[PDB]
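A.B. asks: The structure's right below; bear with me while I get my questions together.
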Amino acid sequence: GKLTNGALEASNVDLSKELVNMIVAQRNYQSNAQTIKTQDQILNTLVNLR
Amino acid sequence: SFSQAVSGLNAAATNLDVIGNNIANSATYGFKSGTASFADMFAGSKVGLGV
């Protein structure tokens with residue numbers, strides 16, 4: 001492509017796109033960590049039966 | 001972006017400078033007036049870059 005002097009390029013990263021991926025990732029992290037708690041509670045209650 | 005607005009602001013200031021100069025020189029005896037002329041810009045896209 002042809003050159004044009006007196007210009008630079010932007011970073012092609014739009015904040016309106018990229019400031020929702022962190023919200024999605026935080027919700028995914030919390031939904032994954034809920035499983036560790038629901039596993040640990042049943043593992044501790046299936047060993048103090050006797 | 002802010003770039004089109006900044007370019008429009010920067011273009012409309014030399015147009016005031018060359019009118020202030022014409023106003024100030026309105027009594028010298030061999031003076032010739034001055035006028036600026038603007039033109040748009042366009043990169044490879046179809047939106048502008050200002051003026």
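Chain labels follow the order of the structure tokens: the first chain is A, the next B, and so on; residue numbering restarts at 1 in every chain, and ligands are counted from 1 in their shown order.
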Report as a PyMOL selection string the set of chain B residues whose atoms approach chain A to within 12 Å, with distances computed over only C-alpha atoms.
C.D. replies: chain B and resi 1+3+41-45+49
A.B. asks: Step one, run DSSP on the backbone; step two, keep only residues of chain B assigned to helix (DSSP H, G or I); then write them as a PyMOL selection string.
C.D. replies: chain B and resi 3-24
A.B. asks: For region 14-28 of chain B, find every residue with an atom within 10 Å (counting only C-alpha atoms), except residues of its own chain fewer than 6 positions away, and show them as a list in words.
C.D. replies: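 Listed by chain and then number, they are residues 34, 35, 36, 37 and 38 of chain B.
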A.B. asks: Distance CA of residue 33 (chain A)-CA of residue 18 (chain A), one decimal place?
C.D. replies: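 Value for the CA of residue 33 (chain A)-CA of residue 18 (chain A) distance: 23.5 Å.
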A.B. asks: Find the distance between CA of residue 8 (chain B) and CA of residue 51 (chain B) and write it in Å to one decimal.
C.D. replies: 6.0 Å
